[PDB]
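Here is the naming used below: chain letters follow the sequence lines, and residue numbers restart at 1 for every chain.
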Number of protein chains: 2
Amino acid sequence: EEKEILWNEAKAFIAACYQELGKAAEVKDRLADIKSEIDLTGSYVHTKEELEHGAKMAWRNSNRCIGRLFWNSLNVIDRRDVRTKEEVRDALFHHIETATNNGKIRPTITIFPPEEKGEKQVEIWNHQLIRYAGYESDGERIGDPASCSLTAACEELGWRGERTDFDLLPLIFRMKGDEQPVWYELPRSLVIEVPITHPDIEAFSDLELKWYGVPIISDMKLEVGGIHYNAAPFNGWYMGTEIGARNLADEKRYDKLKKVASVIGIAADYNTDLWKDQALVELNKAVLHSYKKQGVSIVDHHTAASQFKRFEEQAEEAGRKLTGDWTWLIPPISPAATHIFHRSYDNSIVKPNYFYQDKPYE
Amino acid sequence: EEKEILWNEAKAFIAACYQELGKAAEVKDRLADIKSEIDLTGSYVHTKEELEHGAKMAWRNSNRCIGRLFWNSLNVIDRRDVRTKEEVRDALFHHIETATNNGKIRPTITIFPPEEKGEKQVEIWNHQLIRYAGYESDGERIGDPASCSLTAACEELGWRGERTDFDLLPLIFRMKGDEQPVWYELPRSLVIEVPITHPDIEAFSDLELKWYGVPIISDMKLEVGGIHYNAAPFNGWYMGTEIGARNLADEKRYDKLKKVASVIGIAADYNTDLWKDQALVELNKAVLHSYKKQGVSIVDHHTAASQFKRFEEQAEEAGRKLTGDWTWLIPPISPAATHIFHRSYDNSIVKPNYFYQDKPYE
Ligand code: HEM
Ligand code: HEM
Ligand SMILES: Cc1cc(N)nc(COC[C@H]2C[C@H](OCc3cc(C)cc(N)n3)CN2)c1
Ligand SMILES: Cc1cc(N)nc(COC[C@H]2C[C@H](OCc3cc(C)cc(N)n3)CN2)c1
Ligand SMILES: C[C@H](O)[C@H](O)[C@H]1CNc2nc(N)[nH]c(=O)c2N1
Ligand SMILES: C[C@H](O)[C@H](O)[C@H]1CNc2nc(N)[nH]c(=O)c2N1
Ligand SMILES: [Cl-]
Ligand SMILES: [Cl-]
């Protein structure tokens, strides 16, 4: 069954991929080559070109992503050659540096060797390559609660955080053949952070908020033509609301709205005053202003939705069905001010695509 | 087939209804009575009690409604006795007066005779009993664009609006046996309106915005045990965002955000300034403040979502499955500040319920 699922996915992917690359004539022999290779080895190896275009198709098919307009300019780094943990570590350091690009963020994915018998070659433990630790003992919360279980897993392995609200977690990953993962402290010189200030309200700096420049998702599996690349971290630049309306605002995250309300000089006592909505807007203005001021790439939700409209139009003119998850595409502030809110989207899953996978801790 | 669909829906409704009313023992004979009545007459008549509880169940099952906590206190007016257009008109006038209740709004439904062969007895043309006219000729828009087709239909029948941005449309409905509907001007003494002012910003009154107090939906069919009440207008009180984030804000409605931005003293030039979001928040604060000041019932989206949480909890403790449409339940401003955003809902349709129907114009 496994080999048959593989062969079928291979067939579908090579046809579509080569059609898109104007290489439709080469499909026949490539398929024959693949079929033999699966018969002999139980799997098949992608060409550099197939892998790069597959990663791009995968982004293009990501129903929950509003930023898909730029799918075709994904920078794809092929690291199927890595065999040692030092090479894995160095590749992750490199991804951070080249994606950050002194603040002019390059959307990038680094692809590591794929699973074999469902057997991972490299198993990355981080949810994002750069993320803040979280702690909770005796009712006092420190840092990012979303990171508590990973943080506890790191500390069990001998890492220790300074217990600020913004401890950078170490890179942590396991190699095939090792029972324990290894971890490495992130060099601070590699990580850009932005302090949050407000364009008009001087007191906003009193909150001492900051966030990291580059979200680099490292817990999803890239699937391309039946090959499962479980370790393939990828990044874009942030949309402001991700930081302002969620990471810093959610009660189960940094929960900053009451403190924001206070520094902007409004009461946080009456639902009818819409103080949460107002705090949310000023916090989100501050996030966008701060990233721009530091020259770190970011996009606001209005501009992002306009870009996505163009993605829709581009899909139609290429004759490709559009897929999307309306529940994720609408921004969490003023959703009805975007065109997304007022239409519907087909939530069908199309491959290549990125998929969630189980984490080893948890 | 029709009689069989009817009988099946009757069976399901009477069982559930009587179970809820502690009258489970009476189900057997009531059903037998109904079965005979369908055999003879092709239909059946609800008791006062069945009709009232059915209307309430229908509200309870309305997946898109965040206000369902108060389902059991719906005020049900039984007007199955009406036969003349004067009686219809007077019943609609009465609904407006009693639902308005000098601003302390009573959630109310008036139920008119139901369809027979799919043949309506009373066909109401209004989408809401109280709504503003809309005009467009030579690129200048006046009033509410959502009302353009109905407005043109009224004027074709000899009504003429003053062409302010807030002309009250007349009541317009057709009786079985008449080819043309009739219309009646709304007595202004019956219609409460609220001028929109802002709690802090004096200049807000310069926009000369207002809205009507009571939304009374009159274009949906109430279905109860296979009986189709096509004419059964119902109302609640507004949630502020309906007025502030949609009716007054949507580009295809009153489109007021640029004017709001200007009176609140912010530029409307850069997406990154989040001027639309900020204008939306101040406009929504003004709407809530204005209704409260005038003593007209209204609810903000935070309070409304808290009430809905209780509706969920009440459903679970009664052993009733909960249904909902997440896409309508989240408010259009700060949705992620409500619990609704962070859970999912089963969108199954359960009857009794309210359903959209085709309009005669359009
Ligand atoms: C270039 C800038 C980018 C922006 C502004 C952007 C924006 C977003 C946003 C706002 C979300 C919703 C996230 C959430 O609410 O947690 C999202 C989800 C997603 N994006 Fe993008 N994105 C970008 C680039 C990329 C790239 C390069 C990829 C992959 C190659 C990608 C794949 C995805 C995926 C898979 C999700 C869903 C994640 C999940 O299920 O948790 N995006 N994106
Ligand atoms: C008492 C105060 C009430 C509040 C605050 C309230 C709130 C709302 C809101 C915000 C919506 C979404 C509307 C939209 O976006 O256009 C809605 C939809 C709805 N409500 Fe309620 N509601 C209330 C009372 C009622 C009552 C009394 C009924 C019926 C007996 C009802 C039945 C519905 C229905 C059927 C919809 C869906 C309408 C559609 O599909 O267009 N509601 N409600
Ligand atoms: C590449 C990228 C760019 C950008 N601007 N933003 C993102 C946001 O992705 C962040 C990730 C973190 C949470 O993951 C939650 C999650 C959990 C589970 C179990 C499944 C799933 N699909 N997603 C939500 N999306 C990713
Ligand atoms: C009873 C009630 C109370 C309250 N606070 N708000 C409401 C809002 O209902 C207003 C109505 C007007 C639009 O109707 C649109 C519509 C169109 C169509 C074709 C189907 C459908 N279900 N709904 C959206 N909901 C109703
Ligand atoms: C159907 C389409 O997604 C459309 O934008 C919906 C979305 N959610 C909504 N939610 C509410 N409350 N009211 C609406 O009119 C809509 N419109
Ligand atoms: C799944 C559940 O509805 C949950 O609240 C979703 C809704 N929409 C979302 N949209 C985005 N962009 N990000 C999220 O994490 C979520 N969470
Ligand atoms: Cl994030
Ligand atoms: Cl309305």
Side-chain angles (χ1 to χ4, degrees), chain A residues 66 301-310 312-313 316 324 326 329-331 333-345, chain B residues 64 125-128 130-155 161 163-169 196 207-212 215-220 238-263 268 271 274-284 286-287 301 325 327-333 335 356 358-359 361-362:
Chain A
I66 191 174
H301 47 295
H302 304 288
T303 301
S306 283
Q307 283 160 353
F308 186 69
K309 181 57 168 88
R310 259 179 277 139
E312 308 176 12
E313 297 160 352
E316 180 176 21
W326 189 97
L329 290 170
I330 56 161
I333 63 141
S334 317
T338 69
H339 80 281
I340 299 172
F341 184 91
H342 305 267
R343 62 162 292 176
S344 65
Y345 296 89
Chain B
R64 292 170 165 184
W125 284 33
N126 305 81
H127 153 61
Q128 303 182 23
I130 298 168
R131 224 191 187 191
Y132 298 128
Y135 311 88
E136 158 142 49
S137 69
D138 302 346
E140 95 283 335
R141 294 157 67 210
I142 294 177
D144 190 342
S147 289
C148 283
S149 61
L150 177 56
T151 299
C154 291
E155 294 200 316
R163 282 159 169 72
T164 77
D165 272 338
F166 308 99
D167 296 346
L168 296 169
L169 283 163
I196 302 306
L207 296 184
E208 308 191 29
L209 303 179
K210 69 185 176 172
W211 205 254
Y212 53 85
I216 316 172
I217 299 315
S218 55
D219 65 357
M220 294 184 79
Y238 267 114
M239 182 168 79
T241 52
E242 297 178 77
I243 300 165
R246 302 289 251 113
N247 297 351
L248 290 176
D250 281 359
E251 298 187 344
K252 273 104 114 66
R253 300 293 298 284
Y254 281 78
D255 191 27
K256 296 295 186 167
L257 290 191
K258 292 194 159 172
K259 291 176 169 208
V260 169
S262 186
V263 302
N271 286 353
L274 310 185
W275 66 264
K276 284 187 183 173
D277 315 84
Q278 184 164 345
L280 274 165
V281 169
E282 300 303 340
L283 178 55
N284 278 276
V287 165
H301 47 295
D325 188 336
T327 69
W328 281 58
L329 290 170
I330 56 161
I333 63 141
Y356 195 80
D358 292 328
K359 233 32 172 314
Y361 64 103
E362 286 268 12

Is there a side chain to side chain donor-acceptor pair (under 3.5 Å) between A:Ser334 and B:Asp277? Walk through the geometry before answering.
CA-CA 6 Å; A:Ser334 317; B:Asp277 315 84; 2.5 Å; yes
Within the structure provided, determine whether [X] and [Y] are in side-chain contact (heavy-atom separation under 4.5 Å).
X        : Y        : result
B:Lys258 : B:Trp275 : yes
B:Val260 : B:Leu207 : yes
B:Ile330 : A:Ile330 : yes
B:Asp167 : B:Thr151 : no

N/O donor-acceptor pair under 3.5 Å between [X] side chain and [Y] backbone:
X        : Y        : answer
A:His342 : A:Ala336 : yes
B:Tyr361 : B:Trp125 : yes
B:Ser218 : B:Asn126 : yes
B:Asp250 : B:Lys252 : no
B:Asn284 : B:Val281 : no
A:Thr338 : A:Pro335 : yes

Within a 6.0 Å radius of atom [atom1] on [X], are there more than 12 heavy atoms belonging to other residues, nucleotides or ligands?
X        : atom1 : answer
B:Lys359 : NZ    : yes
A:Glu316 : CD    : no
B:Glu251 : CD    : no

What are the two closest non-hydrogen atoms of [X] and [Y], and how far apart are they?
X        : Y        : answer
B:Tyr132 : B:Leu169 : O-CD1, 3.9 Å
B:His301 : B:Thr241 : ND1-CG2, 3.4 Å
B:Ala279 : B:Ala261 : CB-N, 4.1 Å

As an exercise, state the distance from CG of B:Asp219 to CD of B:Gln128, rounded to the nearest 0.5 Å.
8.0 Å
Atom pair CG (B:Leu209) and CZ (B:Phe166), whose distance is rounded to the nearest 0.5 Å:
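Between atom CG of B:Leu209 and atom CZ of B:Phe166 there are 6.0 Å.
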Classify the ring geometry between B:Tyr254 and B:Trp211 as parallel (under 30°), tilted (30 to 60°) or perpendicular (over 60°).
perpendicular
For B:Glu362, enumerate each residue passing the side chain to side chain contact (heavy atoms under 4.5 Å, CB included) test, keeping only those at least two apart in sequence or located in another chain.
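Partners of B:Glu362 under the side chain to side chain contact (heavy atoms under 4.5 Å, CB included) test: B:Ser149.
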For the ring pair (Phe, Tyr, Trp, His ring centres under 6.0 Å) test, which of A:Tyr345, A:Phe341, A:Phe308 pairs with A:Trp326?
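When ring pair (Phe, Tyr, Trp, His ring centres under 6.0 Å) is applied between A:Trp326 and each of A:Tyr345, A:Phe341, A:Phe308, only A:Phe341 qualifies.
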With sequence neighbours left out, write down each residue that passes salt bridge (charged side-chain N to carboxylate O under 4.0 Å, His left out) with B:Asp325, or none if nothing qualifies.
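Partners of B:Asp325 by the salt bridge (charged side-chain N to carboxylate O under 4.0 Å, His left out) criterion, ordered by chain and then number, come out as B:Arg64.
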Assess whether a salt bridge exists between B:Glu242 and B:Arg253, defined as any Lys/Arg side-chain N lying under 4.0 Å from an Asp/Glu carboxylate O.
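Looking at B:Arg253 together with B:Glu242, the answer is no, because their closest N to O distance does not fall below 4.0 Å.
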